[PDB]
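Next up is one chain by itself, shown in structure tokens, the form deposited in one PDB entry.
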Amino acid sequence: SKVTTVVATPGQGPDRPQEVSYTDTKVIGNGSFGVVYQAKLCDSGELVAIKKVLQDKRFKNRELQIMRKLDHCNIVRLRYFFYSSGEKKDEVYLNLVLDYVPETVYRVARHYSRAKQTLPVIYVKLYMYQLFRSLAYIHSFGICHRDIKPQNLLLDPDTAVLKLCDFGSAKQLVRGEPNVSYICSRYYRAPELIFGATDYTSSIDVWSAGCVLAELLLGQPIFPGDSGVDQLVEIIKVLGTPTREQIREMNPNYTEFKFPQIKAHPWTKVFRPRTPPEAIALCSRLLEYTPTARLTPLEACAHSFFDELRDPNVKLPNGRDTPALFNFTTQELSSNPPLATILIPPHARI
């Protein structure tokens, strides 16, 4: 039970460093950036994660910049950040200390799928709405996550609160400056990115969210490509070959083979017989080739598949109340404020 103490700036708040003490630190993850840890704050005993990434001096970290300006019930909070050096030579690490949320949609969905069960539709509605809520929030800032996938959706199994995490691929999408095409995890990678587009939009996140919805409905990934290019083949096996005009809207500069001519597969045959009609309906307005065709995250939240969540009597399966789903801020409703009439049901207004 060793106690580590660091001088950390508060996450959102003002640049006033304070000493923060934590203990009980375990490795829990890693990647190309560095290592991820769990720890307990000696103060409040609250659990936290710490993403530790090698940060080159003299050049700013865009994940930190993006995270300092986010504050949303469905996004993991950046509580503190701090620097530290070691294990290496004259290298500086940036540490993000984030709220710890214990579960992920990936692990949940794997447990049902291993037990050959479908995750109940109520959980599908709860997870997907909160994911769409977080997207509406970051997209109103022009920030695009670029890594929506089941492992980056944290869950509290008791409150069913969902929080979006891992902002190591997020970027301010600025109009006219290009962006890299090979982002997003393969299975959740939108088609314009596979077509090499570099002027894509936030709707690549909405494609990803549709892949997750579809995956929850089906109990397995809906487009499991065994490469960056075979991903497109899997997509085509459901949506059929994209029309010449659809290829233009995805990226207006391309010749990728020509693909064999394949008919679109009807959405009803894509899912299992007892799949709810509004789930399939919602899904088909997300998994569209034309990136302007897809729903915005707010419109998705307004979808009728989510109406059970707007019911005043709804409860979680463990008898408890649903998390807070109607406290929209004006920034959240900014893209389409009229949608408030559907999104804040009567029983939830003041």
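We call the rigid core the largest set of C-alpha positions that still match within 1.5 Å between the two forms. Residue numbers run from 1 along the displayed sequence.
- Notably, residue 215 is never a gap: all other compared entries of this protein, restricted to those modelling both its neighbours, have coordinates for it, so the one-third criterion is not met.
- Among other compared entries that model residues flanking residue 273, every one gives it coordinates, keeping it clear of the one-third cutoff.
- Relative to its counterpart among 58-66 and 285-293, 58-66 has the higher mean temperature factor, C-alpha atoms as listed in the PDB entry.
- Taking the mean C-alpha B-factor of each stretch as recorded, 226-234 and 260-268 are not equal, and the higher mean is that of 260-268.
- Take 74, 253, 151, 113 and read off each C-alpha B-factor from the entry; 253 has the highest.
- You'll see in the entry that, of 176, 276, 210, 102, the Cα B factor peaks at 176.
- Per the PDB record, residue ranking by Cα B-factor puts residue 38 in the lowest third of the chain.
- Ranked by C-alpha B-factor against the other modelled residues of its chain, residue 205 falls in the lowest third.
- Ranked within its chain, residue 157 lands in the highest third, by CA B factor from the PDB record.
- The entry lists a Cα temperature factor for residue 134 that places it in the lowest third of the chain's modelled residues.
- Among all modelled residues in this chain, the alpha-carbon of residue 86 has a temperature factor (C-alpha) in the highest third.
The protein also exists as the form deposited in another entry; that form is not presented, and the subsequent description refers to it.
- 260 is the only residue from 260, 120, 266, 277 whose Cα shifts by 2 Å or more between this form and the one not shown, the rigid core being superposed.
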